[PDB]
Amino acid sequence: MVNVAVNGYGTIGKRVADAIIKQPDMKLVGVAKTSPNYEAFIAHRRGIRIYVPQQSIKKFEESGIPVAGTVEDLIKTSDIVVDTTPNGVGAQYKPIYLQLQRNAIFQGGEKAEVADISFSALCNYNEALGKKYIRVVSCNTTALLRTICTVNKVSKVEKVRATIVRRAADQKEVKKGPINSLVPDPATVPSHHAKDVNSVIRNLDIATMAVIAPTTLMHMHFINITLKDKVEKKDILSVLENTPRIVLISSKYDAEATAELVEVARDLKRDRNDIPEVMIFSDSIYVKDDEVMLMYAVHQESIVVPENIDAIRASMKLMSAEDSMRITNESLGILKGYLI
């Protein structure tokens, strides 16, 4: 039985915690948070136990939300830590995990050196088997990796160039912009995505560009893939339509807009209206000879959730790639085929 701790109960933290609870071979010990905001109140009402930095206990304890113990308390009394702390804080907790001898899963805004390997379950689960420290790649890297590794089955992927249109901040954030601007992110080519992808696929010729748009719901990727062998369209479409963690969006029901996909998720009653799957617009799938083009949407709040679950399995070597992803996929209701 794996007793899991979650460090950092934010957008990703809260989701991983609920994913952990639905797993048959894992238990959530508790979660670490520094401020008693509404995310914490709600967590406690749901019976999730909250661990806090010793120095914040007093402050935190003024709000009435009971504290189960300190953050080291949590790490020591767990078998592995899913770290979902802010960019840069993982590396700060890294020495703590080391000292207490806990494996730990890090998020994608950390430097690669925080982990012993970087990960995406559809690409290098077997290579991650046994790693004590694993870095799950960022949300947009994950979407690129899922698409690539899946297209690669039809033919070796020789080259990737991509433009990432990033949503500015999540819907709940009220102090972040831009309100009305496009903001190169960064201006320099390439963006960090290409390298992040090279921490999982060592030798891919990848170049990416990114910009921030004044939207909160989902990112969007615009991809140009060069393959080795002239391929057929049915084959690129066959494998995109049959890969869990990837869904296709048609143009049949007038839902090709990130806001309308969010509405589809609300009406489908998905938890927190999450769509953890890569959402590829079926009408954008262009394959001519050895060239592939298409666009897809990425739901940043949830895309790495299932990856953290498999990463845990990889780290503690509980089962194969196919076994892990099959439980993760089924327990978190992950789709394949047409979303809409």
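Throughout, we count residues from 1 along the sequence that is shown.
Trainee: Using the B-factors recorded in the PDB entry, average over the C-alpha atoms of 29 to 37 and of 54 to 62, then report which stretch comes out higher.
Mentor: That would be 54 to 62.
Trainee: For the stretches 178 to 186 and 155 to 163, which has the higher mean C-alpha B-factor as given in the deposited record?
Mentor: That would be 155 to 163.
Trainee: From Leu240, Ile105, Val264, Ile75, pick the one with the largest CA B-factor in the entry?
Mentor: That would be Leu240, according to the entry.
Trainee: From the list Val71, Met218, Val247, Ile96, select the residue with the highest C-alpha B factor recorded in the entry.
Mentor: Highest C-alpha B-factor among the listed residues goes to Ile96.
Trainee: By the record's CA B-factor, is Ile21 among the lowest, middle or highest third of residues in the chain?
Mentor: Bottom third by C-alpha B-factor.
Trainee: With respect to C-alpha B-factor, does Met295 fall in the lowest, middle or highest third of the chain as deposited?
Mentor: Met295: CA B-factor falls in the middle third of its chain.
Trainee: Would you please rank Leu129 by its C-alpha temperature factor against the other modelled residues of its chain and give the third it falls in: lowest, middle or highest?
Mentor: Ranked within chain, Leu129 CA B lands in the highest tercile.
Trainee: Name the third of the chain's ranked CA B-factors that contains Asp271, choosing lowest, middle or highest.
Mentor: For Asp271, the deposited C-alpha B-factor lands in the lowest third.
Trainee: Considering only modelled residues of the same chain, in which third does the CA B-factor of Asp170 rank: lowest, middle or highest?
Mentor: Lowest third - that is where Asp170 ends up once the chain's C-alpha B-factors are sorted.
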